[PDB]
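Visitor: What follows is a structure written as structure tokens; I'll ask about it next.
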Number of protein chains: 4
Amino acid sequence: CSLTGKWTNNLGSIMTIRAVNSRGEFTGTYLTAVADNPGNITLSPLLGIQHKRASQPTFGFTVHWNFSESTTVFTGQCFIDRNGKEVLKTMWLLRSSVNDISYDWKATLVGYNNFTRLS
Amino acid sequence: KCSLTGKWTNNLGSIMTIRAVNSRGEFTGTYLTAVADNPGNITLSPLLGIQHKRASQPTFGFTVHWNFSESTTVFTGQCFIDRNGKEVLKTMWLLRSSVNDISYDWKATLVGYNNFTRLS
Amino acid sequence: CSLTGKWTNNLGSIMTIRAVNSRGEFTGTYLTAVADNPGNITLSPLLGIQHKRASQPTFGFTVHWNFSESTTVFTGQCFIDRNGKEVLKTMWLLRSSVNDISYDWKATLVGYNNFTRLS
Amino acid sequence: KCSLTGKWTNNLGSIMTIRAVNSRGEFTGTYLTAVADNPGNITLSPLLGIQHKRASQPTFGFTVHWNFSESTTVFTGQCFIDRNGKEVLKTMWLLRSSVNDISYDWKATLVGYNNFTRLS
Ligand SMILES: O=C(CCCC[C@@H]1SC[C@@H]2NC(=O)N[C@@H]21)Nc1ccc([N+](=O)[O-])cc1
Ligand SMILES: O=C(CCCC[C@@H]1SC[C@@H]2NC(=O)N[C@@H]21)Nc1ccc([N+](=O)[O-])cc1
Ligand SMILES: O=C(CCCC[C@@H]1SC[C@@H]2NC(=O)N[C@@H]21)Nc1ccc([N+](=O)[O-])cc1
Ligand SMILES: O=C(CCCC[C@@H]1SC[C@@H]2NC(=O)N[C@@H]21)Nc1ccc([N+](=O)[O-])cc1
């Protein structure tokens, strides 16, 4: 269950993840299929850490959107079924930029995503 | 302006130390949690994240790989600067526990908040 | 998109909801397919409110688990597709009972559920 | 023991009033939020929920049907009593916005926290 490779989720987004180093750290690139303003979407870098020893590791990563002031974090676990098929089960928080601390209450969206490997 | 570099404490008493933020907004550091499911096992743990660079009050996210647990936490939030120049990180977090198989996935994710201010 | 009726979700849970009154309030009964201790599962009452005027209303409800000290809240929206098929898209928070306020940080689980009508 | 009956204020300044808790733990009341997406539209709004009855520090949940918005909020939490008998509600919430169709569902749910103490 190395996060290295190419993935798609239930919203149609795709991400590519590079080699996971000995500390479990990885970089990659995220293409979201959806956005507040979808006409603005550009490829956005991600940076995260997975656990290394576990066969079905937990992990987290941050996506710095390159077309928005927002940021998303994803966390989840990679599972392997009896046929060797991998799924990333994740939850996410999406932080929007607000003007000052008095607007903080409305700044964080939550959701889920299930990822599978592209071919 | 708001750079996450430096030492911070939160409302639970945890301490984190963030190193240099690079020109992409990437940063690393360490996180010493005050609380855990098994606090007798707590050890200093690494974090890795990204903040926005241009904004004076940037949003950001980071991941903490706990070195004593199979779990992982992610934090996201915004750094605010008030009229006196005091900085606060307002964050929300998700903590993913390791479960045995996908049938237990539903119970694997905790949610919460944390407010951080600077040590010094 | 009246919540009245019989529903199942992606985890295999089922719920039955009674008549929605003029204020949008409803009661019902929830049978979860999963629990921390599944051998203890019993039917549990729910109580909530939906919006009335909207064709695709938002709503919320609370489930008082009758076999646990925990409580779950669900919120979401009822959608109708081109064929007239309804789906409840929901997110939930599950509050566990902890001993004192110093344990509060670990007391709230989050997740999703998609519900469809039973037949 | 902890009955949600009475008036409470939260960290955002909102006020809610909970009526009698029945023998099932069900309660109704009203919620006056201090903040909204469009605060010029705020009106007093009804809530309905259930708490546990036997526990001295019960968990609970409630739904607020905003009377001025198509959105709905749910809150869940626990009532704690400290060594001096002071009560605090520690809660987390989800706020569901109304979106036009299912393709926008992903952006429809906000999350947050609130801490409540008694008015009086
Ligand atoms: O649009 C944005 C930036 C792109 C976010 C894509 C999200 S990441 C969670 C989910 N999973 C995906 O694969 N893609 C979506 N930011 C944003 C979105 C909504 C709002 N809003 O106010 O609703 C503000 C900023
Ligand atoms: O205990 C752990 C690892 C350490 C988590 C510390 C959390 S990070 C969010 C919050 N903010 C802090 O500063 N500290 C806390 N993992 C864990 C926790 C609970 C459960 N559980 O099942 O409840 C399983 C694993
Ligand atoms: O087990 C319980 C009570 C039953 C909860 C069922 C949940 S409601 C969200 C989800 N959707 C469903 O249809 N069913 C599940 N409470 C509980 C669960 C886990 C923990 N825990 O610590 O992990 C503590 C209490
Ligand atoms: O504004 C609204 C309706 C009022 C919500 C008040 C929230 S309930 C959680 C928090 N605790 C409080 O005491 N008050 C706040 N709905 C709404 C809000 C934001 C958005 N949005 O898109 O950001 C859409 C609808």
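Using the numbering of Swiss-Prot, the residues shown for chain D are 27-146, in order.
Heads up, header says this was done by X-ray crystallography, 1.2 Å.
Cβ from N, Cα, C; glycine included.
Feature annotation from Swiss-Prot assigns disulfide bond to D:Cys28-D:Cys105. Feature annotation from Swiss-Prot assigns biotin binding site to D:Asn36, D:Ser40, D:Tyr57, D:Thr59, D:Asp63, D:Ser95, D:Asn140. The N-linked glycosylation site annotation in Swiss-Prot covers D:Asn67, D:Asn93, D:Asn141.
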Visitor: Work through the recorded positions one by one (D:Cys28, D:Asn93, D:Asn141) and name whichever has its CA nearest to the CA of D:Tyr57 (biotin binding site).
Guide: D:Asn93
Visitor: In terms of Cα spacing, which of the recorded positions D:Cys28, D:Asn67, D:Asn93, D:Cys105, D:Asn141 are within 10 angstroms of D:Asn36 (biotin binding site)?
Guide: D:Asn141
Visitor: Using other CB atoms within 10 angstroms as the count, which residue among the disulfide-bonded residues D:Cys28, D:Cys105 scores least?
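Guide: Selected from the disulfide-bonded residues D:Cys28, D:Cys105 on minimum Cβ neighbours within 10 Å: D:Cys28.
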Visitor: List every residue in the same chain as D:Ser95 (biotin binding site), at least 6 positions away in sequence, whose Cβ is under 8 Å from its Cβ.
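Guide: Correct list: D:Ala62, D:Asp63, D:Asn64, D:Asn67.
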Visitor: Return only the integer: C-alpha distance in Å from D:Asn140 (biotin binding site) to D:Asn93 (N-linked glycosylation site).
Guide: 21
Visitor: Where's the emptiest Cβ shell within 10 Å among the recorded positions D:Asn67, D:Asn140, D:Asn141?
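Guide: It is D:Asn67 that, of the recorded positions D:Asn67, D:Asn140, D:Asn141, has the fewest other Cβ atoms within 10 Å.
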Visitor: Quick one: give me the count of other CB atoms within 10 A of the CB of D:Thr59 (biotin binding site).
Guide: 22
Visitor: Would you list the recorded positions among D:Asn67, D:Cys105, D:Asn141 that come within less than 8 Å, Cβ to Cβ, of chain A, in the order they occur in the sequence, writing 'none' if nothing qualifies?
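Guide: Cβ contacts with chain A under 8 Å: none.
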Visitor: Could you check which of the recorded positions (D:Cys28, D:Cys105, D:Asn141) sits closest to D:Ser40 (biotin binding site), going Cα to Cα?
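Guide: Its closest listed neighbour, by Cα, is D:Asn141.
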Visitor: Please list, in sequence order, the residues in the chain of D:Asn93 (N-linked glycosylation site) that are at least six apart in sequence and whose C-beta is under 8 Å away from its C-beta.
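Guide: The list for D:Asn93 (N-linked glycosylation site) reads D:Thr69, D:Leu70, D:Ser71, D:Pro72, given in order along the sequence.
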Visitor: Cα-Cα, whole number of Å: D:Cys105 (disulfide bond) versus D:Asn141 (N-linked glycosylation site)?
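Guide: Each residue's Cα considered, D:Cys105 (disulfide bond) and D:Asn141 (N-linked glycosylation site) end up 10 Å apart.
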Visitor: Whole-number Å distance between the CA of D:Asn141 (N-linked glycosylation site) and the CA of D:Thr59 (biotin binding site)?
Guide: 14
Visitor: Give me the largest Cα to Cα distance among D:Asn36, D:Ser40, D:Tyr57, D:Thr59, D:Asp63, D:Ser95, D:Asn140, the residues the record lists as binding biotin, in Å as a whole number.
Guide: 21
Visitor: Between D:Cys28 (disulfide bond) and D:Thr59 (biotin binding site), what C-alpha distance do you get in Å?
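Guide: Taking the Cα atoms only, D:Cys28 (disulfide bond) lies 23 Å from D:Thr59 (biotin binding site).
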Visitor: Sort D:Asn36 (biotin binding site) into helix, strand or coil using the DSSP assignment.
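Guide: Its secondary structure by DSSP: strand.
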Visitor: Near ligand 4, meaning Cβ under 6 Å from any of its atoms: which of the recorded positions D:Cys28, D:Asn36, D:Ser40, D:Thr59, D:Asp63, D:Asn93 fit that description?
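Guide: Among D:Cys28, D:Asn36, D:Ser40, D:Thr59, D:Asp63, D:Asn93, near ligand 4: D:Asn36, D:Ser40, D:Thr59, D:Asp63.
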